[PDB]
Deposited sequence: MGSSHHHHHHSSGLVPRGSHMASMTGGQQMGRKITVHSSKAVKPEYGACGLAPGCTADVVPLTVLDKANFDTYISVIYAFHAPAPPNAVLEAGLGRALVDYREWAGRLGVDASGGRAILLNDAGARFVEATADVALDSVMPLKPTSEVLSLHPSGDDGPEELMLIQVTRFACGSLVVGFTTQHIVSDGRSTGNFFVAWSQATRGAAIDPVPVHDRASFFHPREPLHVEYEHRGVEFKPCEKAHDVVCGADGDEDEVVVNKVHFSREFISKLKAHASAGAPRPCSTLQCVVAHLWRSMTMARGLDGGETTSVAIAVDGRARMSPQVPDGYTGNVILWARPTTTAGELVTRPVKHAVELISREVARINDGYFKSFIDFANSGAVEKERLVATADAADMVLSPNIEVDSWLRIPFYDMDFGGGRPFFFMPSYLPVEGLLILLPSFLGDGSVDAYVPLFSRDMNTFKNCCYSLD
């Protein structure tokens, strides 16, 4: 039902503003925090009611936004020292124009299946572009915007800033926040180097070097798990009992999903289980990293217990473990990581990032990707905010994605990929 009519490069439009053309020899070295994150494309879908701005208005807005986000018009290569870098060669972001011969309402709400892959450019066929955008016009004028973005360039927060910046530029509003691009200025190692934690087996592992051998495998099904305002309130009340300050929605929902997933998998009580939680270093580091910084600023809390202890103790005990572990990922932790990554140990011991996108084998661990601060209300091309958003189809068992309610009603939706055989146990443990 979806027809692609155009696919072309969109470059920074310096002339829109009489600005000097960017120097296309400009190179930005990736930071040790960029190189700690996933080398992979992430896809997300936004939906807008009719009427929405035409493709030419959206395209002109993209050209203007890319002046202040040249990273997304660039290509991955190497700098003078041979370190991985973004070449700001302005080769362009991909801009794909599509039409659907159905009303958007007829297929709403969209479900997390392979069908939604048709609403964004592929991240799986080795594109050269770091930013790929699809605008799909449905039969009654509704607009779907699909993004496919390189995680090595930006984390969820700086990727979101770009989504918003495109919408601001389209409306003729000043880009806010003001982007910060000079990655080489950030995360300098201390003199002397000072490693305070063991990063081997955490952020780093030793370098390790068929179709149709997966026939007896259970299918992974992406389930939407709805946490009502009321359910969150009870969960947080439970977790926060006797504390001088209530536990966060994020930490409570993570604890609940971790415990629910562990029961659903029916693990041996003695099995080790960990949840990986992304921690935003921007406010935690000293000095603080600016809101407009275009790079990755993530490390992970990895709270760990046994399946038996997790499922037999109340969820309160799980939230307490998550809270304590997240609090340890502080300025000193980030600076220890930076110093370790700059020490030469990584090169000498042939270590690579544990953030390894090329593996769907998470059990008995889980990973939670929080999109709770994904742009929504701020996403306005001049036709109003979106009415719907969702992650693309990523059937990786135990990789959970948390979204805020696209109704703004203060509930939370988790996209939970489960083995089909585990779904009924998950459903019964859930409340």
So, counting the deposited sequence from position 1, which segments are absent from the coordinates? 1-32, 242-245, 468-470
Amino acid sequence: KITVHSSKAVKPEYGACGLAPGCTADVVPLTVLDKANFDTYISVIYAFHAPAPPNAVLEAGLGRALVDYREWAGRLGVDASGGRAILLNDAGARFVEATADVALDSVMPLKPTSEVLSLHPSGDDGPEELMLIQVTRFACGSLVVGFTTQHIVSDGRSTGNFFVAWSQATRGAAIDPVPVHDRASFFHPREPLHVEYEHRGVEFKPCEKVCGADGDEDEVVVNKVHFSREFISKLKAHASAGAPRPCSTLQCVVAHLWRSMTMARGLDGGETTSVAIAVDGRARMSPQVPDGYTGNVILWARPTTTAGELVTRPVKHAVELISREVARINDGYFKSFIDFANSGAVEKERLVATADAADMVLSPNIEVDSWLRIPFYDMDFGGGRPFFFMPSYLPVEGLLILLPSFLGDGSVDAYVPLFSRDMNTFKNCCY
From here on, numbers count along this sequence of modelled residues.
Return whichever of 354-362 and 307-315 has the greater mean Cα B factor according to the PDB record. 354-362
Could you check the entry and say whether 123-131 or 266-274 has the higher mean CA B-factor? 266-274
Of 189, 156, 112, 74, which one's C-alpha B factor is largest in the deposited record? 112
Which one, 335, 224, 183, 256, has the peak C-alpha temperature factor per the PDB entry? 224
CA B-factor ranking of residue 31, expressed as a third of its chain: lowest
In terms of its chain's C-alpha B-factors, the third that includes residue 370 is the middle
What third of its chain, lowest, middle or highest, does the C-alpha temperature factor of residue 405 fall into? highest
Going by the recorded CA B-factors, say which third of the chain residue 39 sits in, lowest, middle or highest. middle
So, residue 118's CA B-factor, relative to its chain, sits in which third? The middle
